[PDB]
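Let me begin by presenting the structure, written as structure tokens, before commenting on it.
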Amino acid sequence: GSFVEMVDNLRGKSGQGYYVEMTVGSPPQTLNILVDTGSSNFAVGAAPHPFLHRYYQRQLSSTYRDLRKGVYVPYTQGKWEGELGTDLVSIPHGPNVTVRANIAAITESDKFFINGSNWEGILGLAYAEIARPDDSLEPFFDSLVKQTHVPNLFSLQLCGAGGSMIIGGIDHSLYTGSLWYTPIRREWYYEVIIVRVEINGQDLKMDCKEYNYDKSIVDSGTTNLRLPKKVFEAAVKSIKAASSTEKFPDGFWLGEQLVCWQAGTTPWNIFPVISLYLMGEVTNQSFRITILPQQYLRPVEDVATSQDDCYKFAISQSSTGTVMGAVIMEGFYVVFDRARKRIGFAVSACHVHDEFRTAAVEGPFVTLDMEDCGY
Ligand SMILES: C[C@]1(c2cccc(-c3cccnc3)c2)NC(N)=C(c2ccccc2)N1
């Protein structure tokens with residue numbers, strides 16, 4: 001099971017995340033699992049629920065071992081309660097291996113499972129520092145590297161309208177041009193540093209620590225580009241100014257309401273490009289990733305609205321720092337090089353573009369009067 005067989009192993013409908021097929025237990029029970037770089041638990045629905053098509057049945061697995069420890073994970077609004085154990089885990093369209101890993105068997109949940117997402121669990125790919133109940137609960141990826149010869153690296157190619165998760169290597173057929181690396185600041189979330197933000201090449205002209213208040217992360221489990229209050233307001237002001245030929249409700253800018261245009265007439269040209277400059281591997285060198293409106297204006301698939309093309313503004317205000325979500329990752333080949341504590345970005349085969357503009361990864365960029373951009 002090489003990278004060739006790993007290509008196109010991801011699915012997922014707009015705004016509901018990307019999932020990979022996995023097996024838990026012996027005989028293997030097949031489930032769809034959300035690929036999440038923003039969390040560190042492997043947590044699977046293990047009891048019936050209105051939104052679950054299937055769930056993990058521990059009584060049917062002869063390899064299951066109960067850890068006699070509970071886990072309670074509350075979020076902003078949603079939450080899940082579970083029971084810890086271990087069992088045999090495999091990724092049928094990933095590395096040709098089966099490992100023993102920690103599993104949080106979800107017995108109760110509230111606003112966690114999404115109606116029609118098609119996933120029954122979450123694969124948290126981030127570090128042990130943020131694992132629940134504590135850092136002593138070894139994440140799946142750490143177990144995989146420990147128990148197999150798989151190199152300490154994975155890559156994500158998320159595509160808009162599926163994609164690929166490549167474990168253990170870089171698949172050179174999934175990207176064009178250069179791979180540019182940003183250092184992983186701290187191993188907890190995939191924490192990175194944004195050194196500059198431009199909107200249609202116009203610098204937001206803020207102290208770069210503002211872009212990373214209190215952290216900046218690469219999160220496949222978050223849909224939007226989430227921005228700290230001060231940065232979000234200036235980005236919205238710039239986007240509204242550039243798109244002034246059309247006026248949208250306040251609701252649109254709050255990411256709550258749809259903006260629709262008759263099929264094939266979306267005025268892409270009126271919306272600006274967002275450039276996120278990421279800290280390079282060498283002092284005061286950086287590179288940028290360019291985000292087109294085809295990424296930040298997320299299409300909302302609905303048969304009832306299908307005579308038009310409708311979208312949600314996929315940029316939102318955050319109080320927990322910058323979040324480079326799925327809309328940001330889409331179109332790029334993102335390398336999570338845990339072995340070298342770095343994240344690589346390159347233009348992917350499924351990048352967004354039109355006749356005038358294209359998603360890009362460019363560098364190097366030099367700054368001479370640069371402070372440290374982190375908090
Ligand atoms: C656990 C979950 C999560 C749990 C359940 C569903 C999702 C989800 C929802 C919509 C699309 N994709 C994934 C995410 N995964 C991630 N990354 C977050 C998170 C959100 C904001 C900041 C930091 C972390 N929440």
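Ordering of the structure tokens sets the chain letters (A, B, ...); residue numbers start at 1 within each chain; ligands are numbered from 1 in the order shown.
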
Residues of range 160-224 of chain A classed as helix (DSSP H, G or I) by DSSP on the backbone are to be reported as a list in words.
residues 208, 209, 210, 211 and 212 of chain A

Just the selected residues (C-alpha atoms), exported as a CSV table (one decimal), in the first residue's frame, please.
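Result file is result.csv:
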chain,number,residue,atom,x,y,z
A,208,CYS,CA,2.7,41.1,12.9
A,209,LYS,CA,2.1,39.8,16.5
A,210,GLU,CA,-1.6,40.8,15.8
A,211,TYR,CA,-1.9,38.0,13.1
A,212,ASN,CA,-0.8,35.5,15.7

DSSP strand (DSSP E or B) residues within range 120-237 of chain A, listed as a PyMOL selection string
chain A and resi 121-124+154-158+163-167+175-183+187+190-192+194-199+202-203+216-218+225-228

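Considering only C-alpha atoms and all ligand atoms, the residues that reside within 6 Å of ligand 1 can be listed as residues 15, 16, 17, 36, 38, 39, 112, 219, 221, 222 and 223 of chain A.
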
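For the choices A:110, A:30, A:262, A:67, the atom-to-atom distance to residue 50 in chain A is smallest for A:110 when using only C-alpha atoms.
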
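Using only C-alpha atoms, the nearest neighbour of residue 147 in chain A within the list A:103, A:339, A:165, A:89 is A:89.
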